[PDB]
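A.B. asks: Chains as they are written, first to last, in my numbering: chain A, 1 to 248; chain B, 1 to 201; chain C, 1 to 218; chain D, 1 to 214.
Beta carbons: idealized from backbone N, C-alpha and C, even for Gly.
I'd like to ask you about the structure that follows.
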Ligand SMILES: *[C@@H]1O[C@H](CO[C@@H]2O[C@@H](C)[C@@H](O)[C@@H](O)[C@@H]2O)[C@@H](O[C@@H]2O[C@H](CO)[C@@H](O)[C@H](O)[C@H]2NC(C)=O)[C@H](O)[C@H]1NC(C)=O
Ligand SMILES: *[C@@H]1O[C@H](CO)[C@@H](O[C@@H]2O[C@H](CO)[C@@H](O)[C@H](O)[C@H]2NC(C)=O)[C@H](O)[C@H]1NC(C)=O
Ligand SMILES: *[C@@H]1O[C@H](CO)[C@@H](O)[C@H](O)[C@H]1NC(C)=O
Ligand SMILES: *[C@@H]1O[C@H](CO)[C@@H](O)[C@H](O)[C@H]1NC(C)=O
Ligand SMILES: *[C@@H]1O[C@H](CO)[C@@H](O)[C@H](O)[C@H]1NC(C)=O
């Protein structure tokens, strides 16, 4: 899809191996924020939203938090605290046409900057002057969208690039989109080294009488440490008590 | 041109609708009541139900009635929430409701003992900005320095003095012609605000 | 807020000229640029306009065939290419644009360029011949004839700029030979003819010609 | 195309008077898409009025504008010496954005007759095989003037060219220069060369001549 009409594809109940993507030279850009791209198959992801669009190479630097430009301001804005990944690859052989491609557009004018993850596809005539445009183009009345005109002979800075922005919500709620890691059996009333949906620790898992709400996955103590977890396989609430200790 | 579709007095139905970074979050709580005149008084926490990644700029709304309610507005307030032994929210303090609420938030408690407490700091906000620069809007020689016909050898590096001219380093940072653009001690983006006294090229 | 154009151009018939127009002060990216030509002593002729952001162009009927208006937002400059030049194209060309901030624009063309003169004929570069127009034997008239030069213009001064009162430098005419002729005269009292040397200073930059000719009362 | 016509061709007014210029469109145009510009000889156009009734930045308040549809008026309450130039009106609503032919606002004056002077071709030019006889009309008003070349009482036609200067900034008069171009042979075939000047300030055409050699 065009950058102004960026497409959003939610994902659910699946497992993925981002190691064959990080090891792939096909992707010209693979940069993650808030989570290391290497250590990815550990933390069982929670929320997942794969946005996708096409820009030109000179604009790839705009797909980053705290950036400005045509794309960042008027087409696709990333929040400052964005936690996710940005992947981009050269799509010259697919999205470039001799004479210029007319299928990919971008928003050229807008009176205010876009909020994070905002999608504007309105085709209202931009009024640059005081006189109101009545749907007709002219002086200070221009069409808001412009075509990239991608050509195979263009410079690599002007060649088409397909960008995919994966956004997450790691370890904050019940996780659906998980990774490809096999589970083990759960042992109660014994000191174990536990890993629940990517949250790790050491402690004794015991039965509890805490009535968690269907949307709540983790509990916390006064110190903000993890107090209890809901078993992802059997919907029961288990308290996590550090492996009994005391001074010697 | 649809981009999303989803399909799933005696009753008080409260809802909260908010937009955070393009996500439309819907919270609600339904409870039995016996009161027609006005909203019942009491406390009840709303669980989250829906989070729609619509990315739509929402500024106005309307209701839909079946033909043969109260509307409030949200503010970026700080609240102190009391979680009981069962994990149910039983009370709350709006830290900006009044000085007593400010004190309660300050001491992270619901009971304030008799005495005098120092709770905040009053600071007079600004009213307008003042931007001052010497009035001299002259073009710089950046054109004849970057696009010069012939450059000098590195051992005989040339130095050009730049003064008495306004310059816009944003048209240079936005240029793909420059294979390398790296700055030290000052961000290349925030360049237009800075005012300089000695520039050498 | 400036608008600077190219320098003078002198091209042969059948060639092309590309006039530049650089903006300053306002935000180029959201404005528009029109081009207008003016022949020596004629009215203003609208050539066409271009939207800087989109690159869409509209041309006049009389310039649809040999004029193409382009722009380059990276160098904040707009260009006008004129192919297959001829003597009719010898004129002065202006570019105009509304000044705009980051979000709104002016409602007219208030910023204008200094103008670019384009000369075009089968003529060749030639220095001018300066001949004296002697005063006839209470006030007398004398002057200089700057004849057979190309291209325009020439500059004429009297007494190296000392004599300005009563001086009339006429606009040049284009002869059928392709060369220009210009007359510059001055009226002085008849008494001062024998006790005041009069020298006209004719300078033609396109041919690097500097002629100081002294006018004599016969 | 929309045709823009301006009037008058020449506006002869005294400094301090009220000037009035007219602009006519061949079809009804939007008032919000008409402008008035001022251009002086050898200078770039300068925006005066936009939106038919909106003074531009820096333009004095003595400039005003009115009109609607096909007829528009530019009014100068008190004419200043810095206002004597060329004025254009342009519509920028319907493409093409055509211009007017211009209106010259000149300083008026009383009728002044021209001082006529004749100049024989210099011997240096005669050495080149061409003769140029010059006729100068000095300080006259109005600009309209007529010059006829007579070579041994034979009226010339098609072998002369004229040139008129702009109105002088000090005495508000014009000057005219007419050049007769003959070959050395034709120049030596005759003896008396004269230019006859007809002008409003002259009660009868004045003739200035010279005898070839004397
Ligand atoms: C950008 O400018 C517009 C309009 O300003 C006018 O046009 C400019 C090119 C310049 O010539 C100015 O001197 C002109 O006044 C601004 O829009 C105005 O905003 C004010 C704010 O209160 C409002 O009162 C006016 O009615 C607006 N006028 C119009 C025609 O819209 C706009 O705010 C400017 N934006 C920035 C970021 O500077
Ligand atoms: C969402 O829509 C509102 C309503 O148009 C936008 O708010 C307007 O913004 C313009 C400038 O872009 C102002 O001149 C208006 O006064 C604003 N109106 C109101 C009611 O606030 C808002 O900017 C839009 N959101 C984004 C991200 O652009
Ligand atoms: C839907 O979007 C397309 C472009 O993606 C646009 O051309 C079309 O007009 C839109 N439909 C409506 C009803 O607005
Ligand atoms: C918590 O739930 C139990 C379940 O019966 C109930 O008995 C107890 O009173 C509840 N506690 C509170 C504070 O409501
Ligand atoms: C130099 O000028 C050329 C055109 O003459 C232009 O394409 C290029 O971008 C310019 N570079 C800089 C750094 O100004």
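For residue 85 of chain D and residue 39 of chain D, which I take to be in contact (beta-carbon distance under 8 Å), what is that distance rounded to the nearest angstrom?
C.D. replies: Here residue 85 of chain D corresponds to residue number 85 of the fourth chain, with the count starting at 1. Here residue 39 of chain D corresponds to residue number 39 of the fourth chain, with the count starting at 1. Residue 85 of chain D to residue 39 of chain D, Cβ: 6 Å. Contact.
A.B. asks: Return yes when at least one heavy atom of ligand 4 lies under 7 Å from the C-beta of residue 207 of chain A, else no.
C.D. replies: Sequence index remark: in the first chain, residue 207 of chain A carries index 207 (1-based). Checking every heavy atom of ligand 4 against the Cβ of residue 207 of chain A, none is found closer than 7 Å.
A.B. asks: Identify every residue that forms a DSSP beta bridge with residue 13 of chain B.
C.D. replies: Along the second chain, read from residue 1 onward, the residue named residue 13 of chain B stands at position 13. According to DSSP, which records beta bridges pairwise, residue 13 of chain B is partnered with B:30.
A.B. asks: Using DSSP with H/G/I as helix, E/B as strand and the rest coil, what is residue 66 of chain C?
C.D. replies: Here residue 66 of chain C is taken as the residue at index 66 of the third chain, counted from 1. In the structure shown, residue 66 of chain C sits in coil (DSSP, three-state: anything other than H, G, I, E or B).
A.B. asks: Pick out the complete beta strand (DSSP E) segments inside the region 133-206 of chain A, 3 residues or longer, and give them in chain order.
C.D. replies: Fully enclosed beta strand (DSSP E) runs of 3 or longer: 145-147, 160-168 and 191-196.
A.B. asks: Just the C-alpha distance for residue 190 of chain C and residue 138 of chain C, rounded to the nearest angstrom, thanks.
C.D. replies: If you number the third chain from 1, residue 190 of chain C lands on position 190. If you number the third chain from 1, residue 138 of chain C lands on position 138. Distance between the alpha carbons of residue 190 of chain C and residue 138 of chain C is about 5 Å.
A.B. asks: Can you tell which of B:4, B:165, B:51 and B:1 has its C-alpha closest to the C-alpha of residue 25 of chain B?
C.D. replies: Counting from one through the second chain, the residue named residue 25 of chain B turns up at place 25. The option with the nearest alpha carbon to residue 25 of chain B is B:51.
A.B. asks: For the alpha helix (DSSP H) containing residue 114 of chain B, list its first residue and its last residue.
C.D. replies: Locating residue 114 of chain B in the second chain gives position 114, where the first residue counts as 1. Neither: residue 114 of chain B is in no alpha helix (DSSP H) and is coded neither H nor E.
A.B. asks: Ignoring anything shorter than 3 residues, give me the beta strand (DSSP E) runs that lie fully in the region 163-200 of chain C, in order along the chain.
C.D. replies: Correct list: 167-169 and 180-189.
A.B. asks: Assess, as a yes-or-no matter, whether the region 123-137 of chain C is touched by the region 101-119 of chain D under the definition of 3 or more beta carbon pairs within less than 8 Å.
C.D. replies: At 8 Å Cβ cutoff, the stretches touch.
A.B. asks: Whose Cβ in chain D lies nearer than 9 Å to the Cβ of residue 143 of chain A?
C.D. replies: Mapped onto the first chain, residue 143 of chain A falls at position 143. What residue 143 of chain A touches in chain D: nothing, since even the nearest Cβ is about 16 Å away.
A.B. asks: Give the residues of chain A in contact with residue 51 of chain C, contact being defined as C-beta atoms less than 7 Å apart.
C.D. replies: Locating residue 51 of chain C in the third chain gives position 51, where the first residue counts as 1. Near residue 51 of chain C (Cβ distances below 7 Å), the residues of chain A are 142.
A.B. asks: Would the region 181-191 of chain A and the region 45-57 of chain A be scored as touching if the rule is three or more Cβ pairs under 8 Å?
C.D. replies: Touching, no.
A.B. asks: Against chain A, with Cβ distances strictly below 8 Å, would residue 47 of chain B count as a contact?
C.D. replies: Numbered from 1 along the second chain, position 47 holds the residue referred to as residue 47 of chain B. With 8 Å as the cut-off, residue 47 of chain B counts as an interface residue toward chain A.
A.B. asks: Pull up the distance between the alpha-carbon of residue 43 of chain A and that of residue 20 of chain B, whole angstroms please.
C.D. replies: On the first chain, position 43 is the one that residue 43 of chain A refers to. On the second chain, position 20 is the one that residue 20 of chain B refers to. C-alpha separation (whole angstroms): 25 Å.
A.B. asks: Which same chain residues end up closer than 7 Å to residue 8 of chain B when comparing Cβ atoms and leaving out the 5 residues on each side of it in sequence?
C.D. replies: The count along the second chain starts at 1 and reaches residue 8 of chain B at position 8. Nothing listed; no residue qualifies.
A.B. asks: Residues with a Cβ closer than 5 Å to any heavy atom of ligand 4, in chain order?
C.D. replies: With the cut-off at 5 Å, the residues found are B:84 and B:86.
A.B. asks: So residue 57 of chain B contacts chain A; which residues on that side make the cut at Cβ distance below 8 Å?
C.D. replies: Against the second chain, residue 57 of chain B aligns to sequence position 57. Here the neighbours are 115, 118 and 120.
A.B. asks: Closer than 8 Å by beta-carbon distance: list the chain A residues that pair up with residue 92 of chain D, in chain order.
C.D. replies: Taking the fourth chain and counting its residues from 1, the one referred to as residue 92 of chain D is at position 92. Residues of chain A passing the Cβ test: 139.
A.B. asks: Going by CA-CA distance only, name the one from A:110, A:228 and A:198 that's closest to residue 250 of chain A.
C.D. replies: Outside the displayed span of chain A (1 to 248) sits residue 250 of chain A, for which this structure offers no information.
A.B. asks: Answer with buried or exposed for residue 151 of chain D, where buried requires no fewer than 16 other C-beta atoms within 10 angstroms of its C-beta.
C.D. replies: By 1-based counting over the fourth chain, the position of residue 151 of chain D is 151. Buried, because 16 or more other Cβ atoms sit within 10 Å of the Cβ of residue 151 of chain D.
A.B. asks: Does any C-beta atom of chain B lie closer than 8 Å to the C-beta of residue 215 of chain A?
C.D. replies: Taking the first chain and counting its residues from 1, one reaches residue 215 of chain A at position 215. Taking Cβ atoms only, chain B reaches closer than 8 Å to residue 215 of chain A, which makes this a yes.
A.B. asks: What number of angstroms, rounded off, separates the C-alpha of residue 173 of chain B from the C-alpha of residue 119 of chain C?
C.D. replies: Start at 1 with the first residue of the second chain, and residue 173 of chain B comes out as number 173. Start at 1 with the first residue of the third chain, and residue 119 of chain C comes out as number 119. Approximately 39 Å, taken between the alpha carbons.
A.B. asks: Could you have a look at residue 234 of chain A and say whether DSSP puts it in helix, strand or coil?
C.D. replies: Taking the first residue of the first chain as position 1, residue 234 of chain A is located at position 234. Three-state DSSP puts residue 234 of chain A in coil, outside helix and strand.
A.B. asks: Within the present structure, is the beta-carbon of residue 34 of chain B separated from the nearest heavy atom of ligand 3 by less than 7 Å?
C.D. replies: For this step, residue 34 of chain B is matched to residue 34 along the second chain. No, since every heavy atom of ligand 3 falls outside the 7 Å radius drawn around the Cβ of residue 34 of chain B.
A.B. asks: Under 8 Å between beta-carbons, which chain A residues line up against residue 32 of chain D? List them in chain order, please.
C.D. replies: Your numbering for residue 32 of chain D matches position 32 in the fourth chain. Neighbours of residue 32 of chain D on chain A, chain order: 131.
A.B. asks: Comparing C-alpha positions only, which one of C:105, C:153, C:94 and C:109 sits nearest to residue 132 of chain A?
C.D. replies: For the purposes of this step, residue 132 of chain A is taken as residue 132 along the first chain, with counting starting at 1. For residue 132 of chain A, the nearest C-alpha among the options comes from C:105.
A.B. asks: Which term fits residue 33 of chain B, buried or exposed, when burial requires 16 or more other beta carbons within 10 angstroms of its beta carbon?
C.D. replies: Taking the second chain and counting its residues from 1, the one referred to as residue 33 of chain B is at position 33. Answer is exposed; the Cβ neighbour count stays below 16.
A.B. asks: Could you tell me which chain F residues have their CB closer than 8 Å to the CB of residue 58 of chain A, listed as they occur along the chain?
C.D. replies: This model lacks chain F altogether; the protein chains it does include are A, B, C and D.
A.B. asks: Whose beta carbon lies closer than 5 Å to any heavy atom of ligand 2, going through the chain in order?
C.D. replies: Here the list is A:111, A:112, A:115, B:57 and B:59.
A.B. asks: So with CB distances below 9 Å, who are the chain A contacts of residue 32 of chain C?
C.D. replies: For the purposes of this step, residue 32 of chain C is taken as residue 32 along the third chain, with counting starting at 1. By Cβ distance, chain A contributes 128, 139, 140 and 142.
A.B. asks: Tell me which residues share the same chain as residue 160 of chain C and place their Cβ nearer than 7 Å to its Cβ, disregarding the 5 neighbours each side in the sequence.
C.D. replies: Here residue 160 of chain C is taken as the residue at index 160 of the third chain, counted from 1. Cβ within range, chain order: 201.
A.B. asks: Distance check for residue 198 of chain A and residue 179 of chain A, CA to CA, integer angstroms please.
C.D. replies: As a position in the first chain, residue 179 of chain A is number 179, starting the count at 1. As a position in the first chain, residue 198 of chain A is number 198, starting the count at 1. Their backbone Cα atoms lie some 10 Å apart in a straight line.
A.B. asks: Quick check on residue 192 of chain B - is its C-beta less than 8 Å from some C-beta in chain A?
C.D. replies: Against the second chain, residue 192 of chain B aligns to sequence position 192. It does not: the Cβ of residue 192 of chain B has no partner Cβ on chain A nearer than 8 Å.
A.B. asks: Look up residue 22 of chain A in the DSSP assignment and say whether it is helix, strand or coil.
C.D. replies: Here residue 22 of chain A is taken as the residue at index 22 of the first chain, counted from 1. Looking at residue 22 of chain A - three-state DSSP - the assignment turns out to be helix.
A.B. asks: Specify which residues have a beta carbon nearer than 6 Å to any heavy atom of ligand 3, listing them in chain order.
C.D. replies: The filter returns A:5 and B:1, in chain order.
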